[PDB]
Each structure stands twice: as structure tokens, then as C-alpha cells.
């Protein structure tokens, strides 16, 4: 058993979505707390969200969350940053969401043809982004992002995480 402590006051949805997708593959416990800590082994912890995601994807090889080849792994690294830096800021949101829209235009999932850390990261980050929620409220969301966002949202794992952690 790997153990993930979470900030219960502000749940890391990306990490909780990853746990939901690897929990049949690796045994994981999730604990209530006030900060995010993945407890790997006695001298080994990860406290930043993107490292927590990467470790879970690496240890749950059957889940396929880090892609199937080097190019996909690289694309997933690109999106993990994109969410951490561009989608985590409210400055320049219009250009950022437009960029996401363009990448999604020919895609169903961000990378390859299956769910990956890129979807989990970008979706969770979007969900907590106030400018996104405003665009949705104003019926101004870009078509591809709206389509992709809604598709994930409807999925069972996402619904489950939402039920357990959404306020």
C-alpha cells in the first residue's frame, strides 16, 4: 500500500482522478489531511501535484496514463506544464483556451487515443479555473474544449471523484 494524504480543504482533483484510474492496478489508500503527500516508501515522498501524477502513472503500467511511446510521453509532459503554468493563471486566458481548443480540434483525448495524465491534469485545472466557469456561464466556451470537457465529465471515474470530493 502506497498512501496519498490530501488537502481535504482543497482536494487535488487531478491526483484523485489518477488514483481513481489506477486503484485496481496498485493498492492505494487515500487519507484526509491538510496537504498533499504521496507516501511511497520510508525515505520517499512526493508533494507536488505533477510528481504525484507521474509516479502513479509510472507504477500503474496497465493503466497506460503516461502514453505508450516516447513521443506520447513527451506530449503528456507538454500538457502537464501547460496546465501548471498557462491554465493556472488568469492572465491571458483567451489565448490559452484558444490554444487548447485548436489542439483538441482533431482529437478526442489530448494524447493518443486514450485517457492520459494530460487529460486528467488539464481537465482538473480547467474545472478550478474561474475564467473557464465564467465562459461556460456566458455560453462562450470554445467548441472543442466544451465537447472534450463534457465527455470526460460524464465518465464514471470522473463522476465518482466528483461525488466523493465536490462541495
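Residue numbers count along the first chain shown, from 1.
- Per the PDB record, of the two stretches 41 to 49 and 117 to 125, 41 to 49 carries the greater mean B-factor over its C-alpha atoms.
- Two stretches are in play, 93 to 101 and 77 to 85, and the higher mean C-alpha B-factor belongs to 93 to 101.
- Out of 110, 56, 30, 136, it is 136 whose C-alpha atom has the highest B-factor in the PDB entry.
- The PDB entry assigns residue 12 a C-alpha temperature factor belonging to the middle third of its chain's modelled residues.
- Among all modelled residues in its chain, residue 146 ranks in the middle third by Cα B-factor.
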